[PDB]
Structure formats: structure tokens, C-alpha cells
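Asker: This is the content of start_28.cif (mmCIF, C-alpha atoms and all ligand atoms):
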data_data
#
loop_
_atom_site.label_atom_id
_atom_site.label_comp_id
_atom_site.auth_asym_id
_atom_site.auth_seq_id
_atom_site.Cartn_x
_atom_site.Cartn_y
_atom_site.Cartn_z
CA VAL A 1 18.72 21.81 -16.71
CA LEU A 2 16.43 21.55 -13.67
CA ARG A 3 16.78 25.00 -12.11
CA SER A 4 14.47 27.71 -10.80
CA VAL A 5 13.81 30.66 -13.08
CA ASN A 6 14.87 34.03 -11.64
CA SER A 7 11.53 35.72 -12.36
CA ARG A 8 11.25 37.94 -9.23
CA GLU A 9 7.43 37.59 -9.39
CA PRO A 10 6.12 36.74 -5.90
CA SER A 11 3.89 33.70 -5.56
CA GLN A 12 2.48 32.69 -2.17
CA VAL A 13 2.00 28.97 -1.58
CA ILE A 14 0.43 26.65 0.99
CA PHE A 15 2.61 23.62 1.67
CA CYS A 16 0.04 21.11 2.87
CA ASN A 17 1.55 17.94 4.28
CA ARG A 18 -1.12 15.25 3.85
CA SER A 19 1.36 12.45 4.60
CA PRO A 20 2.32 10.53 7.75
CA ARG A 21 5.97 11.58 7.21
CA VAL A 22 7.97 14.59 8.38
CA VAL A 23 8.36 16.52 5.12
CA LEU A 24 11.57 18.21 3.90
CA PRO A 25 10.82 20.78 1.20
CA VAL A 26 13.71 21.28 -1.24
CA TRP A 27 14.15 24.36 -3.46
CA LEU A 28 16.16 23.83 -6.63
CA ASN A 29 18.11 27.09 -6.87
CA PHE A 30 19.33 28.97 -9.97
CA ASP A 31 22.37 26.70 -10.46
CA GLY A 32 20.23 23.57 -9.94
CA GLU A 33 21.51 22.85 -6.41
CA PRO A 34 19.05 21.36 -3.91
CA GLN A 35 18.47 23.76 -1.02
CA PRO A 36 16.68 22.31 2.01
CA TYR A 37 14.08 24.30 3.97
CA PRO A 38 12.57 23.79 7.46
CA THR A 39 10.54 20.62 7.94
CA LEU A 40 6.77 20.16 8.21
CA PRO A 41 5.38 17.67 10.72
CA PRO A 42 2.75 15.15 9.46
CA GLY A 43 -0.68 16.68 8.76
CA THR A 44 0.47 20.29 9.23
CA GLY A 45 0.77 23.18 6.79
CA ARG A 46 2.59 26.47 6.24
CA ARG A 47 2.00 29.55 4.14
CA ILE A 48 5.26 30.30 2.34
CA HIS A 49 6.60 32.97 0.01
CA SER A 50 8.13 31.66 -3.22
CA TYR A 51 8.31 32.95 -6.81
CA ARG A 52 6.82 32.07 -10.20
CA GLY A 53 8.90 29.52 -12.12
CA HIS A 54 10.68 28.24 -9.00
CA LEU A 55 11.15 24.49 -8.61
CA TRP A 56 10.25 22.52 -5.49
CA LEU A 57 10.26 18.84 -4.61
CA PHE A 58 9.44 17.18 -1.29
CA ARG A 59 10.89 14.26 0.69
CA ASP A 60 10.75 12.32 3.95
CA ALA A 61 13.10 14.42 6.11
CA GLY A 62 14.60 11.34 7.81
CA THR A 63 15.00 8.82 5.00
CA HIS A 64 14.75 11.05 1.89
CA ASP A 65 11.97 8.83 0.50
CA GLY A 66 10.26 10.53 -2.45
CA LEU A 67 6.91 12.25 -1.96
CA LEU A 68 4.37 13.57 -4.45
CA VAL A 69 3.11 17.13 -4.73
CA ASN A 70 -0.22 17.56 -6.54
CA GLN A 71 0.23 14.02 -7.94
CA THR A 72 3.72 14.74 -9.39
CA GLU A 73 7.46 15.02 -8.66
CA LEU A 74 7.95 18.76 -9.13
CA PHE A 75 5.95 21.78 -8.01
CA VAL A 76 6.23 25.14 -9.79
CA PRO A 77 4.37 28.08 -8.20
CA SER A 78 1.99 29.59 -10.74
CA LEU A 79 0.40 33.04 -10.99
CA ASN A 80 -1.87 33.90 -8.02
CA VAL A 81 -5.46 34.48 -9.20
CA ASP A 82 -7.44 37.08 -7.19
CA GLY A 83 -4.97 37.02 -4.26
CA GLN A 84 -5.42 33.29 -3.62
CA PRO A 85 -2.34 31.22 -2.69
CA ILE A 86 -1.50 28.06 -4.66
CA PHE A 87 -2.11 24.73 -2.93
CA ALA A 88 0.77 22.25 -2.87
CA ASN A 89 -0.72 18.97 -1.67
CA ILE A 90 2.06 16.75 -0.38
CA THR A 91 1.07 13.06 -0.27
CA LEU A 92 2.53 9.56 -0.16
CA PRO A 93 2.95 7.92 -3.51
CA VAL A 94 1.79 4.35 -3.95
CA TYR A 95 5.24 2.85 -3.30
CA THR A 96 5.90 -0.55 -4.83
CA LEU A 97 5.70 -3.32 -2.24
CA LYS A 98 9.45 -3.95 -2.76
CA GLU A 99 10.46 -0.35 -2.02
CA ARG A 100 8.06 -0.20 0.92
CA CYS A 101 9.80 -3.32 2.30
CA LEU A 102 13.21 -1.67 1.82
CA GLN A 103 11.93 1.38 3.72
CA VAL A 104 10.89 -0.73 6.73
CA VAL A 105 14.10 -2.79 6.73
CA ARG A 106 16.27 0.36 6.55
CA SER A 107 14.33 1.87 9.47
CA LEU A 108 14.98 -1.19 11.69
CA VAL A 109 18.57 -2.13 10.73
CA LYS A 110 21.59 0.18 10.93
CA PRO A 111 23.56 0.37 7.64
CA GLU A 112 26.55 -1.43 9.23
CA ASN A 113 24.41 -4.57 9.70
CA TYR A 114 22.89 -4.92 6.19
CA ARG A 115 25.46 -7.61 5.33
CA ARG A 116 24.50 -9.52 8.51
CA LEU A 117 20.89 -10.01 7.25
CA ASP A 118 20.12 -13.42 5.75
CA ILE A 119 19.08 -12.49 2.20
CA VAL A 120 20.48 -12.70 -1.34
CA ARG A 121 23.40 -10.48 -2.38
CA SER A 122 21.28 -8.37 -4.76
CA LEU A 123 19.01 -7.12 -1.95
CA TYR A 124 22.10 -5.94 -0.06
CA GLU A 125 22.82 -3.47 -2.87
CA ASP A 126 19.13 -2.48 -3.09
CA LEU A 127 19.16 -1.56 0.64
CA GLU A 128 22.40 0.46 0.45
CA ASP A 129 21.08 2.32 -2.60
CA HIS A 130 19.26 4.87 -0.43
CA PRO A 131 16.83 7.42 -1.88
CA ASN A 132 18.87 10.50 -2.76
CA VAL A 133 17.96 13.89 -4.23
CA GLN A 134 21.08 14.22 -6.40
CA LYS A 135 20.40 10.77 -7.90
CA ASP A 136 16.76 11.56 -8.78
CA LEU A 137 17.80 14.87 -10.38
CA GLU A 138 20.06 12.92 -12.76
CA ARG A 139 17.11 10.62 -13.57
CA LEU A 140 14.65 13.48 -14.24
CA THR A 141 17.35 15.07 -16.43
CA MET B 1 -12.70 -13.36 -12.79
CA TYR B 2 -10.55 -14.86 -10.05
CA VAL B 3 -7.29 -16.79 -9.67
CA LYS B 4 -5.87 -19.01 -6.95
CA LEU B 5 -2.57 -18.16 -5.25
CA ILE B 6 -1.38 -21.02 -3.05
CA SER B 7 1.19 -20.52 -0.29
CA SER B 8 3.96 -22.99 0.64
CA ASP B 9 1.94 -24.08 3.71
CA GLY B 10 -1.15 -24.96 1.60
CA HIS B 11 -3.25 -21.79 2.12
CA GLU B 12 -5.31 -21.02 -0.97
CA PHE B 13 -5.88 -17.32 -1.63
CA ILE B 14 -8.56 -16.40 -4.18
CA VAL B 15 -8.15 -12.89 -5.66
CA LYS B 16 -9.24 -11.10 -8.84
CA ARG B 17 -7.22 -11.83 -11.99
CA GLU B 18 -6.50 -8.13 -12.67
CA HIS B 19 -5.27 -7.62 -9.09
CA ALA B 20 -2.90 -10.59 -9.47
CA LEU B 21 -1.60 -9.27 -12.81
CA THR B 22 -0.03 -6.40 -10.83
CA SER B 23 2.86 -8.88 -10.59
CA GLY B 24 4.61 -9.49 -13.90
CA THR B 25 5.92 -12.77 -12.48
CA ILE B 26 2.34 -13.99 -11.89
CA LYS B 27 1.27 -12.85 -15.38
CA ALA B 28 4.02 -15.13 -16.72
CA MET B 29 3.18 -17.97 -14.32
CA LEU B 30 -0.43 -17.86 -15.59
CA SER B 31 0.24 -17.50 -19.37
CA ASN B 32 -5.50 -20.34 -13.32
CA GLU B 33 -3.70 -21.60 -10.19
CA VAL B 34 -0.16 -20.76 -9.03
CA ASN B 35 1.85 -22.60 -6.36
CA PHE B 36 4.45 -20.62 -4.41
CA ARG B 37 6.90 -22.95 -2.66
CA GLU B 38 8.99 -20.22 -0.98
CA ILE B 39 6.18 -17.91 0.20
CA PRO B 40 4.43 -18.88 3.47
CA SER B 41 0.83 -17.81 4.08
CA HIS B 42 1.67 -14.92 6.43
CA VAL B 43 3.64 -13.35 3.56
CA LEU B 44 1.25 -14.21 0.71
CA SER B 45 -1.78 -12.80 2.57
CA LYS B 46 0.06 -9.47 2.86
CA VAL B 47 0.93 -9.66 -0.86
CA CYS B 48 -2.78 -10.00 -1.66
CA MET B 49 -3.61 -7.08 0.66
CA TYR B 50 -1.10 -4.95 -1.25
CA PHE B 51 -2.79 -5.77 -4.58
CA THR B 52 -6.11 -4.50 -3.22
CA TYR B 53 -4.29 -1.42 -1.85
CA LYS B 54 -2.49 -0.63 -5.12
CA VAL B 55 -5.58 -0.99 -7.32
CA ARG B 56 -7.60 1.17 -4.92
CA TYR B 57 -5.16 4.07 -4.49
CA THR B 58 -3.38 4.20 -7.87
CA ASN B 59 -4.40 7.38 -9.72
CA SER B 60 -6.62 8.51 -6.86
CA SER B 61 -7.06 12.06 -5.52
CA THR B 62 -8.25 10.81 -2.10
CA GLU B 63 -5.41 10.97 0.46
CA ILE B 64 -3.28 7.82 0.43
CA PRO B 65 -2.55 5.96 3.69
CA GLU B 66 0.69 4.16 4.50
CA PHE B 67 0.77 0.47 3.57
CA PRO B 68 1.51 -1.21 6.91
CA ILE B 69 4.23 -3.86 7.31
CA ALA B 70 5.08 -5.46 10.65
CA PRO B 71 8.79 -5.76 11.55
CA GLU B 72 8.47 -9.56 11.90
CA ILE B 73 7.45 -10.18 8.28
CA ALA B 74 9.47 -7.45 6.51
CA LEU B 75 12.42 -9.59 5.37
CA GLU B 76 10.24 -12.41 4.01
CA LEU B 77 7.91 -9.87 2.40
CA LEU B 78 10.91 -8.10 0.81
CA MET B 79 12.10 -11.38 -0.73
CA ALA B 80 8.62 -12.11 -2.12
CA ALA B 81 8.05 -8.59 -3.47
CA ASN B 82 11.47 -8.83 -5.15
CA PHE B 83 10.60 -12.17 -6.76
CA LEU B 84 7.11 -11.07 -7.79
CA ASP B 85 8.37 -7.70 -9.10
CA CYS B 86 5.63 -5.70 -7.32
CA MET C 1 -19.01 3.05 0.41
CA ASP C 2 -16.82 0.02 -0.39
CA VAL C 3 -15.66 -2.45 2.27
CA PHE C 4 -12.78 -4.89 1.78
CA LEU C 5 -12.97 -8.45 3.03
CA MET C 6 -11.29 -11.77 3.55
CA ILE C 7 -13.90 -14.54 3.41
CA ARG C 8 -12.22 -17.44 5.16
CA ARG C 9 -12.94 -21.15 5.59
CA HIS C 10 -10.42 -23.88 6.53
CA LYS C 11 -7.36 -23.00 4.34
CA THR C 12 -9.38 -20.97 1.81
CA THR C 13 -9.30 -17.16 1.78
CA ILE C 14 -11.26 -15.02 -0.72
CA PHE C 15 -10.27 -11.38 -1.17
CA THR C 16 -13.13 -9.23 -2.42
CA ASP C 17 -15.07 -6.04 -1.82
CA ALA C 18 -18.72 -5.11 -1.40
CA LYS C 19 -20.87 -2.10 -0.61
CA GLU C 20 -21.53 -1.21 3.03
CA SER C 21 -25.23 -1.25 2.02
CA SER C 22 -25.16 -4.76 0.52
CA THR C 23 -26.66 -7.77 2.29
CA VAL C 24 -25.17 -10.88 3.86
CA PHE C 25 -27.16 -12.92 1.31
CA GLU C 26 -25.62 -10.92 -1.54
CA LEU C 27 -22.15 -11.65 -0.18
CA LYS C 28 -23.15 -15.37 -0.25
CA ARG C 29 -24.04 -14.92 -3.93
CA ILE C 30 -20.46 -13.75 -4.52
CA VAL C 31 -19.11 -16.81 -2.69
CA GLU C 32 -21.40 -19.01 -4.82
CA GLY C 33 -19.87 -17.61 -8.02
CA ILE C 34 -16.35 -18.41 -6.79
CA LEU C 35 -16.67 -21.66 -4.78
CA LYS C 36 -19.77 -23.12 -6.56
CA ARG C 37 -21.97 -23.63 -3.49
CA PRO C 38 -25.39 -22.00 -3.16
CA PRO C 39 -26.34 -19.55 -0.33
CA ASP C 40 -28.50 -22.16 1.47
CA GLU C 41 -25.34 -24.32 1.90
CA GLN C 42 -23.39 -21.42 3.48
CA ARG C 43 -23.12 -19.81 6.89
CA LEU C 44 -21.27 -16.50 7.25
CA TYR C 45 -19.84 -15.36 10.58
CA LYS C 46 -18.40 -12.27 12.15
CA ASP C 47 -16.08 -13.89 14.67
CA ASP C 48 -18.39 -16.44 16.39
CA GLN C 49 -21.59 -14.62 15.40
CA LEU C 50 -23.88 -16.09 12.75
CA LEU C 51 -24.99 -13.48 10.18
CA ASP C 52 -28.61 -13.03 8.98
CA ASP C 53 -29.13 -12.96 5.18
CA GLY C 54 -31.20 -9.75 5.07
CA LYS C 55 -28.85 -7.64 7.24
CA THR C 56 -26.42 -5.23 5.57
CA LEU C 57 -22.66 -5.54 6.06
CA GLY C 58 -22.72 -2.07 7.69
CA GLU C 59 -25.21 -3.24 10.32
CA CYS C 60 -22.94 -6.25 10.91
CA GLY C 61 -19.97 -3.97 11.67
CA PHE C 62 -18.18 -4.03 8.30
CA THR C 63 -17.51 -0.33 7.65
CA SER C 64 -15.34 1.38 5.04
CA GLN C 65 -12.98 2.81 7.67
CA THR C 66 -12.46 -0.56 9.44
CA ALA C 67 -12.64 -2.96 6.48
CA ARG C 68 -9.78 -1.28 4.54
CA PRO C 69 -7.96 -2.37 1.35
CA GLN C 70 -4.61 -2.70 3.13
CA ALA C 71 -6.16 -4.33 6.24
CA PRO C 72 -9.42 -6.10 5.30
CA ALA C 73 -12.03 -7.47 7.70
CA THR C 74 -12.50 -11.21 8.11
CA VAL C 75 -15.80 -12.96 7.41
CA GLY C 76 -16.04 -16.58 8.59
CA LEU C 77 -17.49 -19.19 6.22
CA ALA C 78 -18.88 -22.68 6.88
CA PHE C 79 -20.42 -25.19 4.42
CA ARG C 80 -23.31 -27.61 4.84
CA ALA C 81 -22.16 -31.13 4.04
CA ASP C 82 -25.46 -32.79 3.03
CA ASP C 83 -27.83 -32.60 6.08
CA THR C 84 -25.92 -30.64 8.77
CA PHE C 85 -23.55 -27.66 8.75
CA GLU C 86 -19.93 -28.16 9.75
CA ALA C 87 -18.54 -26.14 12.66
CA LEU C 88 -16.79 -22.87 11.75
CA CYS C 89 -13.07 -23.54 11.31
CA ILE C 90 -10.42 -21.14 10.04
CA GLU C 91 -6.83 -22.45 9.80
CA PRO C 92 -4.46 -19.72 10.99
CA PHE C 93 -1.68 -18.42 8.76
CA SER C 94 1.91 -19.51 9.29
CA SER C 95 3.99 -17.85 12.01
CA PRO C 96 6.91 -15.58 11.17
CA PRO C 97 10.32 -16.41 12.66
CA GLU C 98 12.01 -14.62 15.58
CA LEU C 99 13.23 -11.10 14.77
CA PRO C 100 16.91 -11.44 13.80
CA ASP C 101 19.48 -9.99 16.22
CA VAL C 102 19.87 -6.84 14.11
CA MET C 103 16.12 -5.97 13.94
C1 LIG A 201 11.43 29.47 6.25
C2 LIG A 201 10.97 29.73 4.95
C3 LIG A 201 11.40 30.91 4.35
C4 LIG A 201 11.01 31.26 3.06
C5 LIG A 201 11.51 32.48 2.51
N1 LIG A 201 11.37 32.39 1.06
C6 LIG A 201 12.38 31.95 0.28
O1 LIG A 201 13.47 31.59 0.71
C7 LIG A 201 12.09 31.86 -1.08
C8 LIG A 201 11.67 30.42 -1.39
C9 LIG A 201 12.24 30.10 -2.75
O2 LIG A 201 11.32 30.52 -3.77
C10 LIG A 201 13.51 30.92 -2.82
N2 LIG A 201 13.25 32.15 -2.00
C11 LIG A 201 13.83 33.38 -2.03
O3 LIG A 201 13.45 34.30 -1.30
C12 LIG A 201 14.95 33.65 -3.07
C13 LIG A 201 16.33 33.53 -2.44
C14 LIG A 201 16.49 32.25 -1.60
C15 LIG A 201 16.61 34.75 -1.56
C16 LIG A 201 17.35 33.53 -3.58
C17 LIG A 201 10.16 30.39 2.37
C18 LIG A 201 9.72 29.21 2.96
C19 LIG A 201 10.11 28.85 4.25
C20 LIG A 201 9.65 27.69 4.75
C21 LIG A 201 9.09 27.51 5.95
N3 LIG A 201 8.73 26.23 6.18
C22 LIG A 201 8.98 25.37 5.19
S1 LIG A 201 9.67 26.23 3.96
#
Take the structure in the file and write it out as C-alpha cells.

Answerer:
Amino acid sequence: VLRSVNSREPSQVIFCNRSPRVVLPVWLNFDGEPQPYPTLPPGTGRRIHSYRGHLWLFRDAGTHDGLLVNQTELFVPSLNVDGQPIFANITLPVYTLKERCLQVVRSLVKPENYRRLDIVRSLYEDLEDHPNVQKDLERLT
Amino acid sequence: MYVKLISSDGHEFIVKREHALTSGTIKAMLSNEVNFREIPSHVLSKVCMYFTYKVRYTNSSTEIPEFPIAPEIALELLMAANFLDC
Amino acid sequence: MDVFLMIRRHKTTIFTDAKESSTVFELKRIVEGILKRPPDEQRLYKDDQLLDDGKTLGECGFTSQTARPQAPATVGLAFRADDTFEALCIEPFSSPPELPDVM
């Protein structure tokens, strides 16, 4: 369902990373498979060649935390008007406090030691349930 | 309009009602003071700071900064956020 | 430009915002509405410094980029009990435990 259209109509795009994270851009190819591309450091940008109707989403390259692009999940390059590239503003969402706490705990404790932490059983499963591109694609679909 | 959120160690935090209603748990606890017996003040102060942060940056075009959390308070803050559903 | 504050006395802590251009006296009017004590029975402090009513919060060092939503600036508060003002006193928050072995 979520797949790039094979339009063959070039569309130049500026990936603008306005987040403090290292960004992993992911191209959903014609069979709907996530295809990773080279990372962007925090605050940097790149001019990239894509195509009209192609699907892109963006993540934290280390933890796969979800990021927004122009205030949304998905970015689809549009027609270029007067030779101007499309701007893809990559930003942090407003994470829930809970998820933000899970992010920080994950980043300090190695997966092996989640069960060693002194917390209720249900938070153990919340920690192990890492952000994942395949999982989100099943949600969106 | 304001409400009082009281930590386990007696600290009384006064925040706006609409900020506090971010938490569905607090909405229920109100329906104008709320005593939290498991949340110490160093956690509850951070919870209040988050409310201000969420209300400010939700549906905002201005670049959003990371919400900071110290390593020392993360576990306790996780437990509170989980309970408060925020 | 909005600034974000914690107005703190004893074990009380008010979370609110104000304009950088607003006055110390106007902040006292906000406190009055919440804690039911008029401006003349209040002293506001930045750290150990007493704040003048007619000065703006910007002049007193509360700026939008330092007094942030996620990390608000502290403004000391002291009440006048009858004739004389109490000394400024802010109870500190609780201390977090030691970082567990795994963190
Ligand atoms: C290294 C790099 C190369 C390219 C080349 N362009 C592509 O691969 C485009 C992007 C996407 O629309 C698919 N694509 C294609 O040329 C079609 C295809 C992969 C040959 C089937 C585009 C972006 C990047 C990036 C550079 N930094 C972050 S992404």
C-alpha cells in the first residue's frame, strides 16, 4: 500500500535537518520496502535528487525514533515550481513525556539489563518495544 | 485558572488548569488540589515543566528543542509519566 | 517575547509566563491573583537580589532564551507578616537516588 510511484519525473529536494539528532532518511521503494540513505548530522542539510510521488520518512539514525518532516510522517516530493527545490524540514516531534523517558533509559541501559531495572513488569515490555520502521508502516497501513 | 499539584514530600506546585489537563489521570483526579504520594518534588517539578513545554510547542512551526531529562531522574520520571499518561 | 518562570517561596512553586517587557509589579499582580496577597506584602528576588517594581523582567535578566518553557527561571518570593518582611527562604526539591549499577 505505502510505496513510491514510479513516475520518472525528477524532483530536487533539500533535506534540512532542524533536529538535534543524526537523521536517517528512508525511501519507501516500489515494493514498499524501506531503503536507508546516508545520514545527516544535526543542523546540516543536503540537496538531493528524488522523483515526484516518491515516499520518504525520517528517523534518528541510532535509535530509530520517529521524526517529523514538514509537520508530518511522510514526505512526497511535489512538482518543482520555477526551478526551485522543495524544502523538507526535518524536526523533532513533541514526544510524550513517557516516550521521552523511554528514549533516555534506552540510551543509558543496554538491552540485556532492562530486567535488572527496578520498575514494574509493564515498563519492561515498553522499553523492549523499540521504535521500528516496519512496525510503523503496519500502523500507517 | 490554576490548580495545585502536591508532591509526596509536601511541595505544592501551582500550574494552569489547562496545562494540568494534559494528563488524563489528573483530569479524572480533579473531576482543585491533587496529592501525589509516589511522586517526589524533583519528579513533579519536571512534570510541570513538560506541561509548559507541550502547550508551547504543540502545533508550532518554530523549531522544537529537545525536552531535557537528567539520567538521575529518568526512571522515576518514567514511572510518573506512565501513571499520569502524558 | 514570553518568558517562563517558577515563582518560589518556602514549599510553594508557581509556574507561569509573562512578557519580557512586563514589570516586576505586574508579576506581583499575578501572584496576588493566585496566593491572595497584595503587591505591597510581597518581595520578589532574582537569587539574593531584591527586584524594583517598575523594572521590566528583561532588565532583571529574565529573557526568552534563558527563561524557557522546558527549563524556566526562578523568581524568589517573600511575604510580609504584619509589620516586617520574612527572610527569603526556598525549600529545595527532593534529591534523586544514586544511579543504579546499570545506568
Ligand atoms: C546519496 C544520495 C543519492 C541519491 C540518489 N537518488 C536516488 O537514489 C533517488 C532517491 C529516491 O527517489 C530513489 N532514487 C532513484 O534514483 C531511483 C532508484 C533508487 C534508482 C530506483 C539521493 C539522495 C542521497 C542522499 C544523500 N544524503 C542523504 S540521502

Asker: Please write out, as AutoDock Vina command-line options, where the centre of an axis-aligned box around all listed atoms of ligand LIG 201 (chain A) lies and how long its edges are, in Å to one decimal, after adding 3 Å on each side.

Answerer:
--center_x 13.0 --center_y 30.1 --center_z 1.2 --size_x 14.6 --size_y 15.4 --size_z 16.0

Asker: Taking only C-alpha atoms into account, what are the residues of chain B at most 10 Å from chain C, put as a ChimeraX atom specification?

Answerer: /B:1-16,40-57,65-69,71-76

Asker: Show me a table, sorted first by chain and then by increasing residue number, of the residues of chain A having an atom at most 12 Å from chain B, each with its shortest atom pair and the distance in Å to one decimal, counting all atoms listed in the file and written as JSON lines.

Answerer:
{"residue": "A:16", "atom": "CA", "partner": "B:63", "partner_atom": "CA", "distance": 11.8}
{"residue": "A:17", "atom": "CA", "partner": "B:63", "partner_atom": "CA", "distance": 10.6}
{"residue": "A:18", "atom": "CA", "partner": "B:63", "partner_atom": "CA", "distance": 6.9}
{"residue": "A:19", "atom": "CA", "partner": "B:65", "partner_atom": "CA", "distance": 7.6}
{"residue": "A:20", "atom": "CA", "partner": "B:66", "partner_atom": "CA", "distance": 7.3}
{"residue": "A:21", "atom": "CA", "partner": "B:66", "partner_atom": "CA", "distance": 9.5}
{"residue": "A:43", "atom": "CA", "partner": "B:63", "partner_atom": "CA", "distance": 11.1}
{"residue": "A:67", "atom": "CA", "partner": "B:64", "partner_atom": "CA", "distance": 11.4}
{"residue": "A:68", "atom": "CA", "partner": "B:64", "partner_atom": "CA", "distance": 10.7}
{"residue": "A:69", "atom": "CA", "partner": "B:61", "partner_atom": "CA", "distance": 11.4}
{"residue": "A:70", "atom": "CA", "partner": "B:61", "partner_atom": "CA", "distance": 8.8}
{"residue": "A:71", "atom": "CA", "partner": "B:61", "partner_atom": "CA", "distance": 7.9}
{"residue": "A:72", "atom": "CA", "partner": "B:59", "partner_atom": "CA", "distance": 11.0}
{"residue": "A:89", "atom": "CA", "partner": "B:63", "partner_atom": "CA", "distance": 9.5}
{"residue": "A:90", "atom": "CA", "partner": "B:63", "partner_atom": "CA", "distance": 9.5}
{"residue": "A:91", "atom": "CA", "partner": "B:64", "partner_atom": "CA", "distance": 6.8}
{"residue": "A:92", "atom": "CA", "partner": "B:64", "partner_atom": "CA", "distance": 6.1}
{"residue": "A:93", "atom": "CA", "partner": "B:64", "partner_atom": "CA", "distance": 7.4}
{"residue": "A:94", "atom": "CA", "partner": "B:58", "partner_atom": "CA", "distance": 6.5}
{"residue": "A:95", "atom": "CA", "partner": "B:67", "partner_atom": "CA", "distance": 8.5}
{"residue": "A:96", "atom": "CA", "partner": "B:86", "partner_atom": "CA", "distance": 5.7}
{"residue": "A:97", "atom": "CA", "partner": "B:86", "partner_atom": "CA", "distance": 5.6}
{"residue": "A:98", "atom": "CA", "partner": "B:81", "partner_atom": "CA", "distance": 4.9}
{"residue": "A:99", "atom": "CA", "partner": "B:78", "partner_atom": "CA", "distance": 8.3}
{"residue": "A:100", "atom": "CA", "partner": "B:67", "partner_atom": "CA", "distance": 7.8}
{"residue": "A:101", "atom": "CA", "partner": "B:78", "partner_atom": "CA", "distance": 5.1}
{"residue": "A:102", "atom": "CA", "partner": "B:78", "partner_atom": "CA", "distance": 6.9}
{"residue": "A:103", "atom": "CA", "partner": "B:74", "partner_atom": "CA", "distance": 9.6}
{"residue": "A:104", "atom": "CA", "partner": "B:74", "partner_atom": "CA", "distance": 6.9}
{"residue": "A:105", "atom": "CA", "partner": "B:74", "partner_atom": "CA", "distance": 6.6}
{"residue": "A:106", "atom": "CA", "partner": "B:74", "partner_atom": "CA", "distance": 10.4}
{"residue": "A:107", "atom": "CA", "partner": "B:71", "partner_atom": "CA", "distance": 9.7}
{"residue": "A:108", "atom": "CA", "partner": "B:71", "partner_atom": "CA", "distance": 7.7}
{"residue": "A:109", "atom": "CA", "partner": "B:71", "partner_atom": "CA", "distance": 10.5}
{"residue": "A:114", "atom": "CA", "partner": "B:75", "partner_atom": "CA", "distance": 11.5}
{"residue": "A:117", "atom": "CA", "partner": "B:75", "partner_atom": "CA", "distance": 8.7}
{"residue": "A:118", "atom": "CA", "partner": "B:75", "partner_atom": "CA", "distance": 8.6}
{"residue": "A:119", "atom": "CA", "partner": "B:79", "partner_atom": "CA", "distance": 7.7}
{"residue": "A:120", "atom": "CA", "partner": "B:79", "partner_atom": "CA", "distance": 8.5}
{"residue": "A:121", "atom": "CA", "partner": "B:79", "partner_atom": "CA", "distance": 11.5}
{"residue": "A:122", "atom": "CA", "partner": "B:82", "partner_atom": "CA", "distance": 9.8}
{"residue": "A:123", "atom": "CA", "partner": "B:79", "partner_atom": "CA", "distance": 8.2}
{"residue": "A:124", "atom": "CA", "partner": "B:79", "partner_atom": "CA", "distance": 11.4}
{"residue": "A:126", "atom": "CA", "partner": "B:82", "partner_atom": "CA", "distance": 10.2}
{"residue": "A:127", "atom": "CA", "partner": "B:78", "partner_atom": "CA", "distance": 10.5}

Asker: Ligand LIG 201 (chain A): which residues are within 10 Å, counting only C-alpha atoms and all ligand atoms? Reply as an mmCIF file with C-alpha atoms, in the coordinates of the input.

Answerer:
data_model
loop_
_atom_site.group_PDB
_atom_site.id
_atom_site.type_symbol
_atom_site.label_atom_id
_atom_site.label_comp_id
_atom_site.auth_asym_id
_atom_site.auth_seq_id
_atom_site.Cartn_x
_atom_site.Cartn_y
_atom_site.Cartn_z
ATOM 1 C CA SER A 4 14.470 27.710 -10.800
ATOM 2 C CA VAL A 5 13.810 30.660 -13.080
ATOM 3 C CA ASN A 6 14.870 34.030 -11.640
ATOM 4 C CA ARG A 8 11.250 37.940 -9.230
ATOM 5 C CA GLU A 9 7.430 37.590 -9.390
ATOM 6 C CA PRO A 10 6.120 36.740 -5.900
ATOM 7 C CA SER A 11 3.890 33.700 -5.560
ATOM 8 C CA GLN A 12 2.480 32.690 -2.170
ATOM 9 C CA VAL A 13 2.000 28.970 -1.580
ATOM 10 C CA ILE A 14 0.430 26.650 0.990
ATOM 11 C CA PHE A 15 2.610 23.620 1.670
ATOM 12 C CA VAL A 23 8.360 16.520 5.120
ATOM 13 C CA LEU A 24 11.570 18.210 3.900
ATOM 14 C CA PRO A 25 10.820 20.780 1.200
ATOM 15 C CA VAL A 26 13.710 21.280 -1.240
ATOM 16 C CA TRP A 27 14.150 24.360 -3.460
ATOM 17 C CA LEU A 28 16.160 23.830 -6.630
ATOM 18 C CA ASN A 29 18.110 27.090 -6.870
ATOM 19 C CA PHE A 30 19.330 28.970 -9.970
ATOM 20 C CA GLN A 35 18.470 23.760 -1.020
ATOM 21 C CA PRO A 36 16.680 22.310 2.010
ATOM 22 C CA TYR A 37 14.080 24.300 3.970
ATOM 23 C CA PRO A 38 12.570 23.790 7.460
ATOM 24 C CA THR A 39 10.540 20.620 7.940
ATOM 25 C CA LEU A 40 6.770 20.160 8.210
ATOM 26 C CA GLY A 45 0.770 23.180 6.790
ATOM 27 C CA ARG A 46 2.590 26.470 6.240
ATOM 28 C CA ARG A 47 2.000 29.550 4.140
ATOM 29 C CA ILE A 48 5.260 30.300 2.340
ATOM 30 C CA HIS A 49 6.600 32.970 0.010
ATOM 31 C CA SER A 50 8.130 31.660 -3.220
ATOM 32 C CA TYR A 51 8.310 32.950 -6.810
ATOM 33 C CA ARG A 52 6.820 32.070 -10.200
ATOM 34 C CA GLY A 53 8.900 29.520 -12.120
ATOM 35 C CA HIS A 54 10.680 28.240 -9.000
ATOM 36 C CA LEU A 55 11.150 24.490 -8.610
ATOM 37 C CA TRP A 56 10.250 22.520 -5.490
ATOM 38 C CA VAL A 76 6.230 25.140 -9.790
ATOM 39 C CA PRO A 77 4.370 28.080 -8.200
#

Asker: Rounded to one decimal, what separation in Å do you get between atom CA of residue C:90 and atom CA of residue B:23?

Answerer: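 Taking atom CA of residue C:90 and atom CA of residue B:23, their separation equals 27.4 Å.
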
Asker: Between C:2, C:101, C:83, C:20, which is the closest to chain A once you count all atoms listed in the file?

Answerer: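 Distance minimum relative to chain A lands on C:101.
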
Asker: Would you work out the distance separating atom CA of residue A:141 from atom CA of residue A:125, expressed in Å to one decimal?

Answerer: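 Atom-to-atom, atom CA of residue A:141 and atom CA of residue A:125 are spaced 23.6 Å apart.
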
Asker: Rank nothing, just name the residue among A:41, A:62, A:111, A:83 nearest to chain C, using all atoms listed in the file.

Answerer: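 For chain C, the nearest of the given residues is A:111.
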
Asker: Restricting the calculation to only C-alpha atoms, which member of A:79, A:86, A:61, A:2 is positioned closest to residue A:134?

Answerer: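 Between A:79, A:86, A:61, A:2, the residue approaching residue A:134 most closely is A:2.
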